[PDB]
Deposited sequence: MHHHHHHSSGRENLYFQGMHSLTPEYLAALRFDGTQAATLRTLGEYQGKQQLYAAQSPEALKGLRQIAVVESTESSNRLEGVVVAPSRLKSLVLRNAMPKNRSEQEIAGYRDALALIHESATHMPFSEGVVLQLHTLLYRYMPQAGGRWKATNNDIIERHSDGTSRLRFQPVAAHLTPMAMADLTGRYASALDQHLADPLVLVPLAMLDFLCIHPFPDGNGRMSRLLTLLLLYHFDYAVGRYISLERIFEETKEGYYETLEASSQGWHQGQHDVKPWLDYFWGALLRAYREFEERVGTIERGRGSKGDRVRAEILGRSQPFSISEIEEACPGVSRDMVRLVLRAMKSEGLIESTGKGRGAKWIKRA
């Protein structure tokens, strides 16, 4: 878990641009409750588009697609999957549904990760060291959660802990950890979709930042800049739908 070691984290340095990006994401989080108070009538409409786009993009990034009309039925009218592709959609759908409704009760432990992985594949016929370093980084404030969350996911993808679903699991765990710090934009704007729309950047930054990872000499700036950027696109897109402030 080279990204979450005390040595690696204590060495991280941010330029004036990154610093401003963090302050800006702090601002968006703070206004989350205002935006809602101003346009609660808009929240339902956003959720349905997000829940569908999330299941659609997260699976399509893995080459899994279903007929457009079946996507609707599986996600919105709880339909039964009839083939391998639909079974992977219903699986992500259930995992996603649980995180949106219980993330604040689900800690980042092997138990929860295995629980979510089990849902993801429920229609199909060193996590201890990751969760521990992450837990230890929070407990000691070794870095802001907007740094730990993305580095933990970088390490998760490098660790490649399950034979299948590591990419989708990384995207599901991203929502889970963001909710632990009340970064709820993921509920009204699909992060999986935002990543799929910047698909090239998503995979280039992950590969660039996972280079030299085994030696602990990897550079996380490419992945952080991309992550914070997608998180901003989500807030700006959420803002463009529920007004602004004074």
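query: Relative to the deposited sequence numbered from 1, which residue ranges are unmodelled?
result: No coordinates exist for the deposited residues in 1 to 18, 144 to 179, 301 to 366, so these stretches are absent from the model.
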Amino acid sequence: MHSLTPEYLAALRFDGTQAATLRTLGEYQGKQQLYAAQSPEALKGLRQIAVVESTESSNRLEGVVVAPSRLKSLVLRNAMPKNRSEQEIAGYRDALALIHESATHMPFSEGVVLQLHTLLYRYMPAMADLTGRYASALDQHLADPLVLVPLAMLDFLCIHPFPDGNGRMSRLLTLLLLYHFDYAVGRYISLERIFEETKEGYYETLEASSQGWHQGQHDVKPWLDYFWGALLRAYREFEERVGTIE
From here on, numbers count along this sequence of modelled residues.
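Residue stretch of maximal mean CA temperature factor, 113 to 121 vs 78 to 86: Looking at the record's C-alpha B-factors, the answer is 78 to 86.
Higher mean Cα B-factor in the deposited model: 176 to 184 or 60 to 68? Comparing 176 to 184 with 60 to 68, the higher mean C-alpha B-factor belongs to 60 to 68.
> Between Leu148, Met106, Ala126, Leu98, which carries the biggest CA temperature factor in the record?
Replying inline: So the option with the highest C-alpha B-factor is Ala126.
Q: Just say lowest, middle or highest third for the CA B-factor of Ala42 relative to the other modelled residues in its chain.
A: Its C-alpha B-factor, which the entry lists for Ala42, ranks in the middle third among residues of this chain.
- prompt: Within this chain, which third does the Cα B-factor at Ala152 fall in: lowest, middle or highest?
  reply: According to the entry, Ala152 has a C-alpha B-factor in the chain's lowest third.
Which third of the chain does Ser209 land in by C-alpha B-factor: lowest, middle or highest? CA B-factor rank for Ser209: middle third.
Once the chain's modelled residues are ordered by C-alpha B factor and cut into thirds, is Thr131 in the lowest, middle or highest one? According to the entry, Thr131 has a C-alpha B-factor in the chain's middle third.
Lowest, middle or highest third - CA B-factor, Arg171:
Within its chain, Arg171 is a lowest-third residue by C-alpha B-factor, going by the deposited values.
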